[PDB]
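Below: one structure, written as structure tokens.
Note that ligands are numbered from 1 as they come in the structure, with each ligand's atoms numbered from 1 the same way. Each residue takes its place number in the sequence, starting with 1. Because only heavy atoms are used, hydrogens play no part in the values below, and waters and symmetry mates are left out as well, while side chains stay in.
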Amino acid sequence: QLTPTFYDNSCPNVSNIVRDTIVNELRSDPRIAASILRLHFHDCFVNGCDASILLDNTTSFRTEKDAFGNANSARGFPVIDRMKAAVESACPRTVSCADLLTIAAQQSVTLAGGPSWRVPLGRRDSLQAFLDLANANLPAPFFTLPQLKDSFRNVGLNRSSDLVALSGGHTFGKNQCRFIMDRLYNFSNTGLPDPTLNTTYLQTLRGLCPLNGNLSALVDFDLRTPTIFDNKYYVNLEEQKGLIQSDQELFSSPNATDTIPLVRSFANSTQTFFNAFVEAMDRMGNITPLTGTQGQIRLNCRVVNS
Ligand code: HEM
Ligand SMILES: [Ca+2]
Ligand SMILES: [Ca+2]
């Protein structure tokens with residue numbers, strides 16, 4: 001069983017070391033908090049939160065970094081190496097990369113203005129990476145609501161609250177133009193924009209992402225508070241201003257009978273959202289972890305110990 005007090009004796013200052021690292025990085029890169037939270041999400045959705053995503057290529061297995069959901073998208077790996085080194089110095093061979101990334105995700109949310117809580121700990125590190133599983137398990141922005149629900153259920157999160165609350169991670173961070181081009185100019189081969197996208201916002205997004213333009217150009221997920229972790233993400237959905245298809249479907253999909261009330265509830269109360277986010281985050285952080293003597297305490301998050 002994972003427990004929040006796992007390192008209270010072996011490495012009491014682990015959380016503080018992680019926090020300090022993120023604080024320093026944020027000065028030069030205000031996007032790092034969002035990036036780190038996303039890394040934890042992509043870790044947990046593939047064989048569980050086992051730091052499998054942090055592993056680099058080997059001649060026996062490919063890195064998840066080349067998955068369709070990670071390539072030229074996932075970022076912040078050097079920052080993780082930095083805090084890991086700092087933690088190894090303070091507490092040699094004690095904190096697993098999987099736990100480190102979980103704490104980093106929680107601290108990132110808090111630093112961005114979100115809720116503060118102690119995450120369950122005790123996870124251990126994987127002995128391999130899973131590229132095929134990542135391509136199969138990571139959801140895509142073009143998924144319909146039923147597909148989004150299927151993706152979450154596939155990894156163990158059955159609750160619509162899990163999906164709606166965790167999608168709140170899009171209250172900050174960046175998104176490439178490439179992922180919304182269809183919504184802007186030709187959605188579902190209709191030759192028309194996605195009707196669920198607010199027409200005023202459509203104009204703005206088209207100006208940021210012109211047809212035949214730079215597909216790698218970045219746009220803010222939350223037009224209200226781009227770098228602050230708050231419930232504004234849901235207020236946007238209510239006004240048809242969710243950035244990607246998967247965002248707006250939580251409120252506009254024909255299958256959203258169960259998610260609409262959750263979206264409204266989170267838009268109406270920050271407390272309601274924050275409570276749900278912590279609950280969902282801990283549930284996601286509890287997906288098939290390696291514990292006890294299973295796996296290892298990786299010294300270099302990029303490679304399995306030898
Ligand atoms: C429900 C399905 C989800 C889909 C389809 C999805 C899709 C995406 C896409 C397309 C991007 C843009 C990547 C890029 O342009 O490079 C992204 C970014 C991001 N996502 Fe999600 N996401 C989902 C769920 C989540 C969850 C559960 C979290 C965390 C709790 C999360 C946190 C983030 C963050 C913070 C970013 C910004 C990262 C950065 O700026 O570096 N996402 N997501
Ligand atoms: Ca993983
Ligand atoms: Ca925000």
Side-chain angles (χ1 to χ4, degrees), residues 29-55 64 67-76 79 97-98 101-102 105-106 108-109 112-114 123 125-126 128-131 133-134 137-145 147-152 155 157 162-180 215-236 242-247 249-250 259 270 273 277-278 280-281 283-285 287-290 295:
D29 173 22
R31 177 188 180 189
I32 193 60
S35 302
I36 289 173
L37 171 61
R38 196 193 182 202
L39 286 181
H40 177 56
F41 157 47
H42 282 191
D43 176 22
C44 297
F45 265 55
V46 188
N47 207 56
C49 325
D50 58 355
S52 65
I53 186 172
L54 299 179
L55 292 173
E64 288 171 34
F68 299 106
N70 288 317
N72 189 37
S73 188
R75 63 191 299 283
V79 181
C97 294
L101 181 51
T102 303
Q106 175 272 301
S108 290
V109 169
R123 306 176 189 71
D125 300 327
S126 71
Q128 62 201 323
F130 313 84
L131 176 53
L133 193 59
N137 289 11
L138 298 179
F142 52 78
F143 276 16
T144 58
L145 184 53
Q147 291 180 312
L148 289 170
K149 291 178 174 180
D150 284 349
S151 187
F152 272 54
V155 297
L157 301 174
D162 291 323
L163 175 61
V164 182
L166 288 169
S167 288
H170 290 170
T171 185
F172 66 173
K174 304 284 185 173
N175 168 76
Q176 297 178 66
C177 282
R178 69 178 67 269
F179 300 126
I180 61 172
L215 303 181
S216 294
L218 304 175
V219 62
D220 297 312
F221 261 103
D222 180 1
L223 79 171
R224 282 182 155 81
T225 57
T227 63
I228 300 173
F229 192 93
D230 50 16
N231 76 336
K232 300 304 181 181
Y233 165 87
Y234 303 94
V235 176
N236 301 334
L243 184 63
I244 59 180
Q245 168 175 355
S246 47
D247 285 335
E249 292 177 315
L250 299 179
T259 58
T270 291
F273 168 46
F277 187 76
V278 173
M281 277 289 284
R283 278 167 54 67
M284 175 181 78
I287 296 174
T288 66
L290 290 182

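- Vertex the Ca ion (ligand 3); arms to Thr171 atom O and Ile228 atom O; angle 90° (nearest 10°).
- Against a heavy-atom cut-off of under 4.0 Å, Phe172 is close to the following atoms of ligand 1: 35 (C).
- The distance cut-off of 2.8 Å around atom 21 (Fe) of ligand 1 captures these protein N, O or S atoms, sorted by chain and number: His170 NE2.
- Checked against ring-ring contact (aromatic ring centres under 6.0 Å, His included), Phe221 has the following partners two or more places apart in sequence or in another chain: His170.
- Counting protein heavy atoms only, atom 35 (C) of ligand 1 is closest to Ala34 O, 3.1 Å.
- Among the atoms of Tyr233, no N, O or S atom is found under 3.0 Å from the Ca ion (ligand 3).
- Using a distance-only test at 3.5 Å, with no hydrogens or angles considered, no donor-acceptor pair links the side chain of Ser151 to the main chain of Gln147.
- Which of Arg31, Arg178, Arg75 comes nearest to atom 40 (O) of ligand 1 through a heavy atom is settled by distance: it is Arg31.
- A distance-only check finds no donor-acceptor pair linking the side chain of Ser246 to the backbone of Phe143 [under 3.5 Å].
- Within the coordination shell of the Ca ion (ligand 2), defined by N, O or S atoms under 3.0 Å, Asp50 is present.
- Checking each of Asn47, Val46, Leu39 against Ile53 for a side chain to side chain contact (heavy atoms under 4.5 Å, CB included) leaves exactly one that passes, namely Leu39.
- Of the listed options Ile180, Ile32, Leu37, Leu37 places a heavy atom closest to atom 29 (C) of ligand 1.
- In terms of protein heavy-atom proximity, atom 41 (O) of ligand 1 is nearest to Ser35 OG, 2.7 Å.
- Residue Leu243 holds its CG atom at 5.0 Å from CD1 of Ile180, rounded to the nearest 0.5 Å.
- Here the two rings, on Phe273 and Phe229, have centers that are under 6.0 Å apart.
- Between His40, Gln176, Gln147, it is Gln176 that holds the heavy atom closest to atom 15 (O) of ligand 1.
- Rounded to 10 degrees, the OG1-metal-OD2 angle spanning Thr225 and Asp222 at the Ca ion (ligand 3) equals 80°.
- Backbone or side-chain N, O or S atoms of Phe45 do not reach the Ca ion (ligand 2) at under 3.0 Å.
- Using a cutoff of 4.0 Å between basic side-chain nitrogens and carboxylate oxygens, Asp29 and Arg75 are scored as salt-bridged.
- Less than 4.0 angstrom separates some heavy atom of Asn175 from each of these atoms of ligand 1: 10 (C), 12 (C), 15 (O).
- If you number the atoms of ligand 1 from 1 as listed, the ones under 4.0 Å from a heavy atom of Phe152 come out as 1 (C).
- One N or O on the side chain of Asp125 and one on the backbone of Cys97 form a donor-acceptor pair closer than 3.5 Å.
- No donor-acceptor distance shorter than 3.5 angstrom exists from the side chain of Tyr233 to the backbone of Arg224, with no hydrogens or angles considered.
- More than 12 heavy atoms of other residues, nucleotides or ligands lie within 6.0 Å of NZ in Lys149, so this atom counts as buried by the packing criterion.
- Side chains of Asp230 and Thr225: a donor-acceptor N/O pair is present below 3.5 angstrom, by distance only.
- Among the backbone and side-chain atoms of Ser52, an N/O/S atom is found under 3.0 Å from the Ca ion (ligand 2).
- In this structure, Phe179 counts as a contact residue of ligand 1, since one of its heavy atoms falls inside 4.0 Å of the ligand.
- Distance check: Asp222 CG to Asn236 CG gives 5.0 Å after rounding to the nearest 0.5 Å.
- The Ca ion (ligand 2) has an N, O or S atom of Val46 closer than 3.0 Å.
- For ligand 1, the atoms lying closer than 4.0 Å to a non-hydrogen atom of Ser73 are 13 (C), 14 (C), 16 (O).
- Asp162 is not listed as a side-chain neighbour of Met284, based on a closest heavy-atom distance of 4.5 Å or more.
- In this comparison of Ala140, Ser246, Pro139, the heavy atom closest to atom 2 (C) of ligand 1 sits on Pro139.
- Checked by atom type and distance alone, the side chain of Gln245 pairs as donor or acceptor with a backbone atom of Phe142 at under 3.5 Å.
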